[PDB]
Amino acid sequence: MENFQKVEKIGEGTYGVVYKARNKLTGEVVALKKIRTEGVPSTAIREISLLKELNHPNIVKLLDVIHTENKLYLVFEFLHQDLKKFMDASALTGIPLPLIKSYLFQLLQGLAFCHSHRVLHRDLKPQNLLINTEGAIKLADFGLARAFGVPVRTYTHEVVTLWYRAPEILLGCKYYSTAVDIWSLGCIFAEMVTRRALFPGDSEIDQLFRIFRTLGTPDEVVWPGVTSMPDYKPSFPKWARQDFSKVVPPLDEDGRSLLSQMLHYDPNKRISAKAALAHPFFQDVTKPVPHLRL
Ligand SMILES: NC(=O)c1cc([N+](=O)[O-])c(NCCCN2CCOCC2)cc1NCc1cccnc1
């Protein structure tokens, strides 16, 4: 690195290798993402550069976009743990409801902010939600999907997780809306509560059918226009909807109500981040300190 001192490899992200690094001049510790083929689209750099201005307490700050030696590096503020690791670590006892509520509330504030600035995430998952010792949680990688492209494989043949994909994406809709992020966050909310992924599909069709088996196969009544979707097939099995009381026990009715609104099939009926923040579930929200072992 021209000015960076690699501390350690954080992993192989969706867009490339990520390292925890220290700025030799500022002393600042950051996450450095090396972006993967041969050229680096100027449209991408302009788009990414715009995200440097998207600053909010619940959004991982994009510090710099470095385009040198015809290579692209993304410098992000560093956080010590991600929600996937935290959930695994909390698997035995479960994350306390007050902390689940604090995290959901903060994530919705982050989404409300991004969506108000016309920025979508499109690939929210526990691994992209970062936490610190102060009880904060932040969304990482907002806007990169649009600035770049389809995931599929990180850069070293790595199975793309479909568990948090909204149904309209799975049915081949070409235009994503802010609703896709609310769907993903609803899936994450459920997983924090039950300690098990809500829809752990291992293929696009298994993902879609797992959603259908739980929420019922969508029809024109609950989702106008669904039968005209690109990948909709009249041959899809018709499953009956299950009761939320069975899906996310023992979450209370306020929680079930909010989750149900975050998981509506019709993206237009799905609750917005702004509206969700006003839901009765957050009446008693607080900001607890998590037990973080680093
Ligand atoms: N900005 C960051 O600080 C950060 C960036 C990425 N990233 O991919 O760009 C990341 N992702 C790697 C996620 C690795 N996880 C570990 C356990 O859950 C499954 C995969 C984790 C991060 N911070 C938390 C973080 C996590 C681990 C070490 N250091 C910082």
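Laboratory data are not the source of any read-out in this text; all were calculated from the coordinates shown. Cβ coordinates were reconstructed from backbone atoms using ideal geometry, including for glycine residues, and neighbour counts include every protein chain displayed.
Below are the figures for this structure:
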read-out: Pairs from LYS20/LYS71; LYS6/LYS125; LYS61/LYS101; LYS33/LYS61 whose Cα-Cα separation, in the structure shown, is over 20 Å; value: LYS6/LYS125; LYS61/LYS101
read-out: Cα centroid of region 137-178 to Cα centroid of region 190-205, whole Å; value: 16
read-out: 10 °C / 1.306 mPa s Stokes-Einstein diffusion coefficient of region 19-99, Kirkwood radius on C-alpha pairs, µm²/s; value: 105
read-out: Table column - 3J(HN,Hα) (Hz), region 201-217, Karplus curve with 6.51, -1.76, 1.60, x for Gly and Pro; value: x, 10, 7, 4, 6, 5, 4, 4, 5, 5, 5, 4, 5, 8, 8, x, 5
read-out: Dipole moment magnitude, nearest 20 debye, the chain about Cα centre, only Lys, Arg, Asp, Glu C-beta charged; value: 280
read-out: Cβ-based net charge around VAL159, under 10 Å, with every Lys or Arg adding one and every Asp or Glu removing one; value: -1
read-out: Qualifying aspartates and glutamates (Cα of each under 13 Å from Cα of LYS52; at least 8 residues distant if same chain); value: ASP64, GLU77, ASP141
read-out: Kirkwood estimate for region 81-291, i.e. one over the average of 1/r between Cα atoms, Å; value: 17.6
read-out: Cross-link partners of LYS246 among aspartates and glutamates (Cα-Cα below 18 Å; sequence separation of 8 or more within a chain); value: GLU191, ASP254
read-out: Efficiency of FRET between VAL29 and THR194 - r from beta-carbon atoms, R0 35 angstrom, step 0.05; value: 0.50
read-out: Region 117-213 shape via C-alpha gyration tensor axes, a/c threshold 1.5; value: rounded
read-out: Convex hull per residue volume in Å³, alpha carbons only, for region 160-283; value: 105
